[PDB]
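There are 2 protein chains.
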Amino acid sequence: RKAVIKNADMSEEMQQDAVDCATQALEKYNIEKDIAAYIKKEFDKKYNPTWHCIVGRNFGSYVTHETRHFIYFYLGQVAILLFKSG
Amino acid sequence: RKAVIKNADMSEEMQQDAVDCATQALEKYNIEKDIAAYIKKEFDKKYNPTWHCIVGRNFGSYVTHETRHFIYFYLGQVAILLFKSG
Numbered sequence: 004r005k006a007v008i009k010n011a012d013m014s015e016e017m018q019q020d021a022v023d024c025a026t027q028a029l030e031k032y033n034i035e036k037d038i039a040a041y042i043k044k045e046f047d048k049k050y051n052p053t054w055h056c057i058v059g060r061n062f063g064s065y066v067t068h069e070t071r072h073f074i075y076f077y078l079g080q081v082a083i084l085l086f087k088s089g
Numbered sequence: 004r005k006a007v008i009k010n011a012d013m014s015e016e017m018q019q020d021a022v023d024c025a026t027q028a029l030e031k032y033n034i035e036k037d038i039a040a041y042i043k044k045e046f047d048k049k050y051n052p053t054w055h056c057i058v059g060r061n062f063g064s065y066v067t068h069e070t071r072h073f074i075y076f077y078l079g080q081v082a083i084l085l086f087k088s089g
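So the protein lines, in turn, are chains A and B.
To convert, count from 1 in the first sequence and add 3; that's the UniProt record's numbering.
To convert, count from 1 in the second sequence and add 3; that's the UniProt record's numbering.
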């Protein structure tokens, strides 16, 4: 699974953790909502609430996020939006 | 252009305004982040900030929404997530 970061406003480290955590979600689950749940809850646990997650092969977004708490990236062909609301 | 509501926590009036507004978005724009931006900003403007909108043909989501400010719906073949964070 090729990891490609499209837009991030978060630390080099937290980004890597987003990828690691999605990688886990993609081995466990096939359904986007379930994959999405996995990442949100994991990121709520490790970096405090509140996170929102979007997983899909085809979406665009427009959200207002907290500074340093935003990432949009692809893992394989599945795109991932994870952010904290601003 | 077929409206199908999948999950909603908002009033049926504001729901209907979400559908009307998305329709206006899809008439004016073809690109998901643009469509999403039009909807989010119209809802910030009409119902006060902060809103977030996701638009696409394939995605799933797991978000923490504010009570009465959440809809997930299809419009024709596009799915639209529109919410305020909890």
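Cβ coordinates follow ideal geometry from the N, Cα and C atoms, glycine included.
> Quick one: which chain A residues come within Cβ less than 8 Å of residue 61(B)?
Replying inline: Locating residue 61(B) in the second sequence gives position 58, counting from the first residue. In chain order: 35, 59, 60, 61, 62.
>> Which of the three DSSP states is assigned to residue 65(A) in this structure?
In response: Locating residue 65(A) in the first sequence gives position 62, counting from the first residue. It is a strand residue.
> Which word fits residue 50(B), buried or exposed, when buried means at least 16 other C-beta atoms lie within 10 angstroms of its C-beta?
Replying inline: Mapped onto the second sequence, residue 50(B) falls at position 47. With fewer than 16 Cβ atoms within 10 Å of its Cβ, residue 50(B) is classed as exposed.
> Once you ignore the five residues that flank residue 13(B) on each side, which residues in its own chain have a CB closer than 8 Å to its CB?
Replying inline: Stepping through the second sequence from its first residue, residue 13(B) is reached at position 10. Answer for residue 13(B): 21, 71, 72, 73, 74, listed in chain order.
> To which residues does DSSP link residue 44(A) through a beta bridge?
Replying inline: As a first step, residue 44(A) is located in the first sequence; it is residue number 41 there, counting from the start. Beta-bridge pairing links residue 44(A) to no other residue.
> Based on the DSSP secondary-structure assignment, which residues constitute the bridge partners of residue 58(B)?
Replying inline: Residue numbering aside, residue 58(B) sits at position 55 when the second sequence is read from its first letter. According to DSSP, residue 58(B) bridges with 63(A), 83(B).
> Hey, how far is the Cα of residue 68(B) from the Cα of residue 41(A)?
Replying inline: As a first step, residue 68(B) must be located in the second sequence, where it is residue number 65. As a first step, residue 41(A) must be located in the first sequence, where it is residue number 38. Each residue's alpha carbon lies about 17 Å from the other.
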